There are 2 protein chains.
Amino acid sequence: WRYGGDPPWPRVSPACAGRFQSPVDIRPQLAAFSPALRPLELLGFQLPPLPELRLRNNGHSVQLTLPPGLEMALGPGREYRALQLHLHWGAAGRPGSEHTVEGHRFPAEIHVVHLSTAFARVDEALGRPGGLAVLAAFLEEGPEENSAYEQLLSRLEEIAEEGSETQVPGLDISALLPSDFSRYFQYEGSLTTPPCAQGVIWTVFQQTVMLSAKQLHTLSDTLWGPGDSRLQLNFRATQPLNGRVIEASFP
Amino acid sequence: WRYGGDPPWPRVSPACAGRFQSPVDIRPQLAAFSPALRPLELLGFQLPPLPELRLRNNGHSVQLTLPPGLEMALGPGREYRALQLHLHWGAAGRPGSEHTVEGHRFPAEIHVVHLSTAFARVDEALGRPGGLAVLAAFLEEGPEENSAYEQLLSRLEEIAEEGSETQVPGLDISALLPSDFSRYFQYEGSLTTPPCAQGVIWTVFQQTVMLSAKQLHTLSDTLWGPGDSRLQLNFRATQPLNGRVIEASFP
Ligand SMILES: NS(=O)(=O)c1ccc2c(c1)S(=O)(=O)N(CCc1ccccc1)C2=O
Ligand SMILES: NS(=O)(=O)c1ccc2c(c1)S(=O)(=O)N(CCc1ccccc1)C2=O
Ligand SMILES: [Zn+2]
Ligand SMILES: [Zn+2]
C-alpha cells in the first residue's frame with residue numbers, strides 16, 4: 001500500500017472503508033466543551049540513554065519503537081502504555097499534518113501510539129472500543145532549534161534507505177510533545193493506514209511544537225520511500241466526521 | 001457470596017476492591033455536562049409474544065434472558081446487543097436501589113446489561129473498557145399500576161423458590177424504561193456483584209419509572225434467596241469515584 005497510488009486501501013483492509021475514520025478536520029467552533037476531560041498524565045517517558053531504541057524508515061514514516069514502562073492515562077481508569085511514535089510531514093513549502101484545523105494543514109505531525117492495559121497485544125485491541133489511543137501534536141515552524149527533536153532528526157541520514165533502521169539513545173519522549181497536557185481535542189476514530197481499524201481514541205493537543213525551518217527541511221528532505229521516490233506527503237486525506245462530535249477539554 | 005452478610009466480597013473477588021467500582025452516588029451539581037452525549041438508540045426491543053423468554057430466580061435477583069436482535073447505541077459506531085435484565089430492591093419500608101442521588105436511595109432499580117458488538121462473547125468483554133454497558137433506571141412509587149412491569153411481577157410467585165425459572169411471553173422491553181432517552185448520567189465502573197469486573201459503561205436515566213405500592217411490595221416480598229432466606233435488599237453499598245467525573249447529557 002502507498003500514499004498516492006494503488007492498490008486501494010479497502011482492497012487491503014475492509015476497515016479502511018469504515019464510517020468513522022481518521023484523520024479529521026477539527027473545527028473548534030463545533031467542538032463540545034467537556035469538563036470531564038482532565039489533564040493527561042505520563043509516567044516513565046524520561047528515558048535514560050541505554051537501552052537504545054530502534055528508529056526505522058518503514059517506507060511510510062519514520063518510527064521510533066518505544067520500550068516497556070511508558071504509562072499514559074487519558075483519565076482515571078483509562079490507562080494505556082506507549083508502543084511507538086512516528087511522524088507525518090509534507091514537502092518543500094507544503095504542509096503535511098494529517099489532522100487539519102478549520103481546513104489548515106500544519107507542516108508536520110507527531111503520533112504517539114498506545115495500547116490499552118486491558119489488552120496484551122495490538123491484534124486483540126484492533127476494532128475494540130478504546131483498545132488503542134494516539135496522542136497527536138502539530139509541528140510548526142519556530143525561530144529556535146528544538147533540541148529534543150534534533151536527537152532524532154540528526155539520525156535520519158543513517159536511515160535514508162527505505163526499510164533501513166538504526167539504534168538511537170533513549171531521550172525524554174515527553175519533550176517531543178507540547179508542555180500543555182490540559183488543553184486538547186478528543187474524538188474516536190481509526191488507524192490512518194491499513195488495517196484502518198476503528199475504536200481508536202485520538203487526543204489532539206491544542207498547543208503546537210516548534211521546529212526550526214532547517215529541522216523541518218531535514219524531516220521532509222532526507223528519507224526515501226517506495227520506488228526511487230522521496231518520502232514526502234505521508235498524510236492521509238481528511239475524513240468526514242459523519243456525525244461524530246469532537247470534544248474539547250477547554251471552553 | 002451473599003447480600004448483607006459474610007464472606008466480605010474482596011475475599012471472594014479481589015476485583016471487588018478495584019478503584020473504579022459500582023454503584024456510586026450521583027451528585028447532579030458535580031456532574032459534568034457533556035454535549036457530545038447524544039440520545040440513546042434502542043432498536044428491536046419491542047418483542048412479539050413468541051418466542052417466550054426465560055425468567056429465573058437465581059437467588060441474587062430475578063433475571064430475564066433477552067433474545068438476539070436488541071440493538072443499542074451509546075454514540076456513533078458505539079453499538080451493543082442486550083443480553084438480559086434484572087432488578088435490585090429493598091424490603092418493607094426500605095428502598096433498595098443500587099445507585100443513589102445526593103444520598104437518596106430509590107425503592108428499586110432495573111439493569112439492562114449489554115455486550116459491545118466488537119466482542120463475540122461476554123467473557124472477552126469482561127474487564128475490557130466499554131465491553132459491557134448497563135442501562136439503569138430507578139423505580140419509584142406512583143399512583144397507577146405499571147402494566148409493563150406487571151408482566152414480570154405477576155410471574156414472580158411461580159419462581160418464588162431460589163433457582164426456579166419460568167417461560168414468559170415476549171414483551172416490549174423498552175416500555176420498562178423512562179420517557180426521555182436524551183437525559184442520563186454516564187460513568188465507567190464495574191459489575192455490582194462478584195466478579196466486580198471493571199470497564200462497564202453505566203448509563204443512569206435522569207427520569208424514573210413509577211410502580212404502584214402493591215407492585216413494589218410484590219417485588220420485595222415474593223422471592224426467596226439463599227438458605228431459607230428472603231430475597232430482599234439485593235443491592236451493593238455505593239463506592240467512591242476515586243477521581244471519576246460523572247457526566248450528564250443535559251445542563
Ligand atoms: N498513522 S497512525 O498513528 O494512526 C497508525 C497507523 C497504523 C498502525 C499504528 C498507528 S499501530 O498501532 O502501531 N499499528 C500496529 C501494527 C499491528 C497491526 C496488526 C497486528 C499487530 C500489530 C498499525 O497498524
Ligand atoms: N448489577 S449488574 O448489572 O451490574 C451485573 C452484576 C453481575 C453480572 C452482570 C451484571 S453480567 O454481565 O451478566 N454477569 C455475567 C457473568 C458471565 C461471565 C462469563 C460468561 C457469562 C456470564 C455478571 O456476573
Ligand atoms: Zn500516524
Ligand atoms: Zn444489576
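Every heavy atom of this structure was used, including side-chain atoms; hydrogens, water molecules and symmetry mates were not. We name chains A, B, ... by the order of the sequence lines, and we start the count at 1 in each one.
With respect to the salt-bridge test (charged N to carboxylate O, under 4.0 angstrom), the residues B:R236 and B:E98 do not qualify. Under 4.0 Å is where a charged nitrogen must lie from a carboxylate oxygen, and between A:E41 and A:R38 no such pair does.
Side-chain contact annotation: A:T203 with A:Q186, donor-acceptor N/O pair under 3.5 Å present. Defined by atom type and a distance below 3.5 Å, a donor-acceptor pair is missing between the side-chain atoms of A:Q198 and A:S190. In this model, no donor atom of one side chain and acceptor atom of the other lie less than 3.5 Å apart for B:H217 and B:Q215. One side chain, B:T100 or B:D25, offers a donor N or O that lies under 3.5 Å from an acceptor on the other. When only modelled atom types and interatomic distance are considered, A:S22 and A:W202 share a side-chain donor-acceptor pair under 3.5 Å. The closest side-chain donor-acceptor pair between B:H86 and B:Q84 falls under 3.5 angstrom.
Screening residues 64-75 of chain B for salt bridge (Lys or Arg N to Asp or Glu O under 4.0 Å) gives no qualifying pairs among residues at least two apart or on separate chains. Contacts classified as salt bridge (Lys or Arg N to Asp or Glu O under 4.0 Å) and involving residues 106-126 of chain B (residues at least two apart or in different chains) are given here: A:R128-B:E124, B:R121-B:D123.
The 12-atom threshold is exceeded at CD of B:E140, counting heavy atoms of other residues, nucleotides or ligands nearer than 6.0 Å.
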Do any side-chain atoms of residues 26-37 of chain A form donor-acceptor pairs under 3.5 angstrom with protein atoms, and if so which ones, sequence neighbours left out?
unit_1	atom_1	unit_2	atom_2	d
A:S34	OG	A:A32	O	2.8
A:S34	OG	A:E247	OE1	3.3

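The aromatic ring centroids of A:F250 and A:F185 lie less than 6.0 Å from each other.
A distance-only check finds a donor-acceptor pair linking the side chain of A:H114 to the backbone of A:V112 [under 3.5 Å].
Summarising the geometry of B:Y149 relative to B:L87, their closest heavy-atom pair is CE2-CD2, 4.4 Å, with the distance given to 0.1 Å.
Note: B:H99 and B:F138 have perpendicular aromatic rings, judged against thresholds of 30 and 60 degrees for the angle between ring planes.
In this structure, A:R244 is not positioned above the aromatic face of A:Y187 in the sense of NZ or CZ being under 6.0 Å from the six-membered ring centre and within 45° of the axis.
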